[PDB]
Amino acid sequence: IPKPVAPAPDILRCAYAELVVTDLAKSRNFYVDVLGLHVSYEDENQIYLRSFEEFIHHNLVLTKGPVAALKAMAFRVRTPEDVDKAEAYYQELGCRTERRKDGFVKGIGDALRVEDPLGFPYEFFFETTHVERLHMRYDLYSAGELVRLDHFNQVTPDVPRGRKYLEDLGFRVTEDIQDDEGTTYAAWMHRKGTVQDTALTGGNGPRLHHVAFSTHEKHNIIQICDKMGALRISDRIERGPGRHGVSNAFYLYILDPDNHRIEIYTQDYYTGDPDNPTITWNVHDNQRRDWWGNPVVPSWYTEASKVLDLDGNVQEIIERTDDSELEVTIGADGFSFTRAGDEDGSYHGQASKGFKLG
């Protein structure tokens, strides 16, 4: 993917995702009643939701449709003129673009959507309707309150190809996972001064791995799990809670009614200095994904959401040919270590903590 002559748009941060869902009422139950997100607008076709500290119109749009999928992952840009820059940048890349002066969803103004070089539906916008910032509305605060939108994670077959593209677009790599023979399994990259605004996971794609929201404290994440147990929907807790190695964040992954994966995340570190030290982890290091060594559940490696093109049809999936992280770590010929070079605390042909793949 060549670097355009045209300047990249100045991207501020991840801003919202539009997810297609099959049953809007069941989705509302999950995101509003279980998770406590705040309704900015709703009707029979869509629900627009925001986090506790947000002032732009929404962080999540649920749109009723026939096939559950990512419709758009939206980044806010610094100025109105940056939408023009986005259009010219992606035009030069040869990508299909669509510009709407009055936006694609309610509460957004002039917006550009693109089918990007990795097959993902990106939106770029500046203009958005401001709403009441709920950051001191402690009369509304949930024991599991979701306070910010933090990041997206994308599944794509060739991580270096996507990384180079995102670097040209101005994202900076913070962390990655590699092996000794030069394969890259995952990379994390940011615009705002946190570990990530989007991230790439090696795998068959394009698929959307997850959308991540932040909490203030670790106990808020614990409460989400506790509430899911009380609602007898613990089967929708996919992975965690844990401490990540990469990012150092406390985390949880859960599954919405259409199997879209949502991460809850807190307490990663500042990355805003331009010489921020990068960190590379070895793929066999059993503390890289869960710092406590807990096993990564196989569905985390295999399952992700479909994404749509700009006509609303599902994007064709291209298979990864580089090595599989699942296979090399927890498969029958996989291994992981606790201490590099130590047989004690290593796992061969199975996961940590006494489990193999089901």
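Residue numbers run from 1 along the displayed sequence.
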Once average C-alpha B-factors are taken from the entry for 24-32 and 310-318, the winner is 310-318
Select between 140-148 and 72-80 the stretch whose C-alpha atoms have the higher average B-factor in the entry. 72-80
Specify which of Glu54, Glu44, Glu303, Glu325 carries the largest Cα B factor in the deposited PDB entry. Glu44
Given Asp235, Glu115, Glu217, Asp285, identify the residue with the highest C-alpha B factor in the PDB entry. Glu115
For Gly203, the third of its chain by CA B-factor is the middle
Assigned third (lowest, middle, highest) for the C-alpha B factor of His58: middle
By the entry's values, the third containing the CA B factor of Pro295 is the lowest
How does the C-alpha B factor of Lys227 compare with the rest of the chain: lowest, middle or highest third? lowest
In terms of its chain's C-alpha B-factors, the third that includes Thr129 is the highest
